[PDB]
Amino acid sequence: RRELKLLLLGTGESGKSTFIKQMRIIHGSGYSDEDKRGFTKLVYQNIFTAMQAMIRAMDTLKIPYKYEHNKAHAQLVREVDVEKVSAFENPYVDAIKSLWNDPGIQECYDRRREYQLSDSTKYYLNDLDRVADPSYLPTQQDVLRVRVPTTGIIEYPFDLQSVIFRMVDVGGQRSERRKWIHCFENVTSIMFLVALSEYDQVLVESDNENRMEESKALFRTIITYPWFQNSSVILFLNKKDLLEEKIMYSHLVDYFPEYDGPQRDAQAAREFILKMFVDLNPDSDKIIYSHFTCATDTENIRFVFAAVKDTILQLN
């Protein structure tokens, strides 16, 4: 049977791996109760990582703890080695709950833009009671929200009716992109992911450069490559839900001053970003199929990828 090779490319934390999980939920084998227990440890670790990042940011940004007793909690949690975490019990549950409740930590969370903090932090920290439960089993959304940095090159085959899609997940960080050339043979289509929410953030690997600036530059570069002369280019503008939230208080004008549209409007902002990516490429002549996505939303990706399936098969 026909086999077509798609690449999931994008800068770090754009959602590439989260898309793969939706493919597994929708087209693949999905997640049994057994598979979900495999993520319990990863969820615990994500929480410890996130709070440690915020505890460090209290020092970096000089934010005082509102309540005195949280200093002792902060010192308890900061000392933990996240790699050896396999359980979420007291005193760590109460410590993290008490810290998350602190107005100082909340102000530090509000300024998460100024340091590196994963985007599933609020999702998990508001749901501590459920996770702290001794008989806790991760839900499917919990598994989609989890953060596990991808490294190298992993090919996932998916059996759809008319075709088998061999989708290649890769790491988005700068060092990872040196490896990308080893998955460029016989590519049918590129699926490029972009975090819409990253417009006001800076890179982990370079804390002086804009995240969207990289994503834009990477995309406009990659589509002009010899390997992709006869390849379709799907563009997923991901994390549209986080854009809706951020655009209310973080102004796109302040990071991309060529934006002349109104403030607090997600549609106007996302459409400007789509424009930055696709418009005016002297080297590129090929049609680009954009979609606005939220990779953690299964029903969105089911609809979106049904359209992308039809588009790819049509051309090949």
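Heads up: residue numbers just count along the shown sequence, starting at 1.
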| item | value |
| --- | --- |
| Higher-scoring stretch by recorded Cα B factor average, 48 to 56 or 27 to 35 | 27 to 35 |
| 282 to 290 set against 269 to 277, stretch whose average Cα temperature factor tops the other in the entry | 282 to 290 |
| Which of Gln140, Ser135, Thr151, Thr121 ranks first by CA B-factor in the deposited coordinates | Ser135 |
| Maximum C-alpha temperature factor, selected from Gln173, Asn238, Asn126, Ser206 | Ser206 |
| Modelled-residue ranking by C-alpha temperature factor, third containing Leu243 | lowest |
| Within-chain third of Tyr156 by Cα B-factor, per the entry | middle |
| Third of chain Cα B-factors occupied by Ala195 | lowest |
| Cα B factor band for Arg78 (lowest, middle or highest third within the chain) | highest |
| Assigned third (lowest, middle, highest) for the C-alpha B factor of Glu107 | middle |
